[PDB]
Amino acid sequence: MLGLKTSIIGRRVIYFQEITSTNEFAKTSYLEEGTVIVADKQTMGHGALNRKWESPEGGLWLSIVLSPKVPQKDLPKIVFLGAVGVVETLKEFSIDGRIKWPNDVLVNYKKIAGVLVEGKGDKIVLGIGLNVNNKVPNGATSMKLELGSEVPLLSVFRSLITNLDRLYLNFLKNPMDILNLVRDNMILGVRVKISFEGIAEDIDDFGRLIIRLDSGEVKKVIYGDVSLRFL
């Protein structure tokens, strides 16, 4: 009844009034590629390292099952598909979303969304939590708060799925393209703390964050239990 016209992402959608975690359900269940798991609320939503992810009603909490047929070396870029997809959707709603490497989306430095990719071989789960009309925790914001008015959750879902499908299809053919989209939508040229501090200069051809320390030393950061903080 939804009438989705996407090629892969959104071929099937499993909606829940409530769930423990869409990422957990997606990882555990036998699901086909492109299936989207979405819930009004999560009782056990999480970020990396089992960090609690607040998932009240009003937000967009979903996961997508992917089976990317690309080199093992390109798989780490899936998180960027989620981040860029969220940014594009925010821009469609006239919200200035910017990427905080490697998985966060901010609006005026406040966290509006987070991306979490979990993979176990031939199966990758792309999880996205985006605050829309829900109340948010410390250091966060939502689409409603930035626009000053409520936004139809289904409209945001449709927009995001359409963007992700396009991004994913192109990723399968040209896995390097997503890096340019990340660069054009990420927060750069400012001081950050990885510990060590320096200027976040850019991301390289592997998606590593390039940081220039005061001494001039250049470090390349691989994401994998490494968050950054803005100064």
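Numbering starts at 1 and runs along the sequence shown.
Novice: How much of the deposited sequence is absent from the coordinates between residue 194 and residue 195: none, 1 to 3, 4 to 9, or 10 or more residues?
Specialist: The entry leaves 4 to 9 residues without coordinates here.
Novice: If you average the CA temperature factors as listed in the entry, which stretch comes out higher, 218 to 226 or 16 to 24?
Specialist: Between 218 to 226 and 16 to 24, it is 218 to 226 that shows the higher mean C-alpha B-factor.
Novice: Which is higher on mean Cα B factor in this entry, 72 to 80 or 129 to 137?
Specialist: The stretch with the larger mean CA B-factor is 72 to 80.
Novice: Pick out which of 30, 61, 206, 171 has the highest C-alpha B-factor in the PDB entry.
Specialist: That would be 206.
Novice: Based on what the PDB entry reports, which of 35, 43, 185, 162 has the top C-alpha B-factor?
Specialist: Reading the PDB entry, the winner on C-alpha B-factor is 185.
Novice: Just say lowest, middle or highest third for the CA B-factor of residue 178 relative to the other modelled residues in its chain.
Specialist: CA B-factor rank for residue 178: middle third.
Novice: Place residue 149 in the lowest, middle or highest third of its chain's C-alpha B-factors, as listed in the PDB entry.
Specialist: Ranked within chain, residue 149 CA B lands in the highest tercile.
Novice: Where does the C-alpha B-factor of residue 123 rank in its chain, lowest, middle or highest third?
Specialist: For residue 123, the deposited C-alpha B-factor lands in the highest third.
Novice: If you rank the chain by CA B-factor, which third does residue 199 end up in: lowest, middle or highest?
Specialist: Top third by C-alpha B-factor.
Novice: Just say lowest, middle or highest third for the CA B-factor of residue 49 relative to the other modelled residues in its chain.
Specialist: It falls in the top third of the chain.
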